[PDB]
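Throughout, a chain's letter reflects where its sequence line sits, starting with A, and its residues are numbered from 1.
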2 protein chains.
Amino acid sequence: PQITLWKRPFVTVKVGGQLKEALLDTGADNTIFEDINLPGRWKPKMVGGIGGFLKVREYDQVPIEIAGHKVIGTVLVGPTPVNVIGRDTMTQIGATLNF
Amino acid sequence: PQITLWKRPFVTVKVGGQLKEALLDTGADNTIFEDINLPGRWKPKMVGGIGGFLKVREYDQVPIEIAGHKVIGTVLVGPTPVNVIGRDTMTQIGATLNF
Ligand SMILES: COc1ccc(S(=O)(=O)N(CC(C)C)C[C@@H](O)[C@H](Cc2ccccc2)NC(=O)O[C@H]2CO[C@H]3O[C@@H]4OCC[C@@H]4[C@H]32)cc1
């Protein structure tokens with residue numbers, strides 16, 4: 001699609017089996033969900049943001065489906081106030097910003 | 001332009017007479033700059049993101065040039081680690097996300 005920005009650009013995403021919703025966020029380098037069920041051990045990772053830095057759980061080689069694209073990526077689980085799809089995932093589906 | 005997302009999508013903008021750089025940020029509701037001096041009246045605002053809240057000054061109906069277009073609208077000013085162009089500003093130049 002071609003998405004205008006009059007509202008927050010939420011998209012449907014299937015992440016490691018579960019249908020979730022998340023914000024396409026071009027100012028985010030990383031993809032981060034709050035409370036998804038992902039199998040197994042995770043590695044600790046730090047992530048920054050406007051307010052300071054958070055400890056998050058890093059899960060690798062997680063399948064992510066957006067708009068019909070199946071991709072495999074790194075998914076963080078952490079106390080973000082909204083699920084975000086970052087540039088790491090958006091590059092894998094060929095997303096561009098256009099003006 | 002058509003921008004891929006392999007690197008942070010910075011753009012040149014002119015604001016308060018100064019050339020600045022800022023992220024085209026679809027996850028940002030508003031535009032936020034650090035260390036810029038604007039002339040009008042401001043009102044206090046708090047915004048929140050990853051790692052918590054940020055106190056900012058809200059300046060309304062402010063002129064900003066982005067690429068070559070004169071956009072008049074809200075600009076927040078506060079100690080963010082990176083300047084960001086938010087959706088309110090980007091909608092006025094017809095910016096879209098495509099994939
Ligand atoms: C109401 O108006 C607002 C309100 C909030 C914000 S924001 O900056 O907090 N943010 C909201 C979003 C988290 C829901 C916009 C994001 O695009 C910020 C924009 C941002 C970028 C850098 C630093 C601070 C903020 N990016 C961000 O927090 O990214 C996180 C996750 O991935 C990492 O990539 C980034 O780069 C490395 C660290 C951050 C990490 C902006 C305008």
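With a 4.5 Å cut-off on side-chain heavy atoms, B:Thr12 and B:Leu19 count as touching. No side-chain heavy atom of A:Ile64 sits under 4.5 Å from any side-chain heavy atom of A:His69. Between A:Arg87 and B:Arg8, some side-chain heavy-atom pair lies under the 4.5 Å cut-off. In this structure the side chain of B:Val56 never reaches within 4.5 angstrom of the side chain of B:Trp42, judged on heavy atoms.
To the nearest 0.5 Å, atom OG1 of residue A:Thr89 and atom CG of residue B:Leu5 are 11.0 Å apart. Annotation: the span from B:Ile32 atom CD1 to B:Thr80 atom OG1 amounts to 5.5 Å, rounded to 0.5 Å. Distance check: B:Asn83 CG to B:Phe33 CZ gives 5.0 Å after rounding to the nearest 0.5 Å. Considering OG1 of B:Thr91 and CZ of A:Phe99, their distance stands at 14.0 Å, rounded to 0.5 Å. With values rounded to the nearest 0.5 angstrom, B:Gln92 atom CD is found 12.0 Å from B:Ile85 atom CD1.
Of all the heavy atoms in B:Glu65 and B:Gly68, the pair that sits closest is OE1-C, 3.3 Å. Pairing each heavy atom of B:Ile66 with each of B:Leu24, the nearest pair is CD1-CD2, 4.1 Å. Shortest non-hydrogen contact noted between A:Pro9 and B:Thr26 is CD-O, 3.7 Å. Scanning all heavy atoms of the two residues, the minimum distance from A:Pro81 to B:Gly49 falls at CG-O, 3.6 Å.
Heavy-atom contacts from other residues, nucleotides or ligands closer than 6.0 Å to CG of B:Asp35 number 12 or fewer. Within a 6.0 Å sphere centred on CZ of B:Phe53, other residues, nucleotides and ligands contribute 12 heavy atoms or fewer.
Under the 4.5 Å side-chain heavy-atom criterion for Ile, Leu, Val, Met, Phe, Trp and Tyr, A:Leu23 and A:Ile93 are members of distinct hydrophobic clusters. Using a 4.5 Å cut-off between side-chain heavy atoms of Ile, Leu, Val, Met, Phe, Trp and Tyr, with links allowed through other members, B:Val71 and B:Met90 fall into the same hydrophobic cluster. With hydrophobic clusters built from ILVMFWY side chains whose heavy atoms lie under 4.5 angstrom apart, A:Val82 does not share a cluster with A:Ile50. B:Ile36 and B:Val13 fall within a single hydrophobic cluster, where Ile, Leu, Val, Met, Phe, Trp and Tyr side chains are chained together by heavy-atom contacts under 4.5 Å.
In the model, A:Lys20 has no side-chain atom that pairs as donor or acceptor with a side-chain atom of A:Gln18 under 3.5 Å. No side-chain N or O of A:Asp88 forms a donor-acceptor pair with one of A:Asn30 less than 3.5 Å apart. Side-chain atoms of A:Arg57 and A:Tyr59 form no donor-acceptor pair, as typed in the model, at a separation below 3.5 Å.
Judged purely by atom type and a 3.5 angstrom limit, B:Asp25 has no side-chain atom pairing as donor or acceptor with the backbone of A:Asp25. The backbone N or O of B:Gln2 lies less than 3.5 Å from no partner atom in the side chain of A:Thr96, so there is not a single donor-acceptor pair.
A side chain to side chain contact (heavy atoms under 4.5 Å, CB included) with B:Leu76 holds for exactly one of B:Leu54, B:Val47, B:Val84, B:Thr31; it is B:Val47.
Between A:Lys43 and A:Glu58 there is no salt bridge, since no side-chain nitrogen of the basic residue lies less than 4.0 Å from a carboxylate oxygen of the acidic one.
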*Worked verdict on B:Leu38 versus B:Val15 for side-chain contact (heavy atoms from CB on, under 4.5 Å)*: CA-CA 8 Å; B:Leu38 301 177; B:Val15 58; 4.2 Å; yes
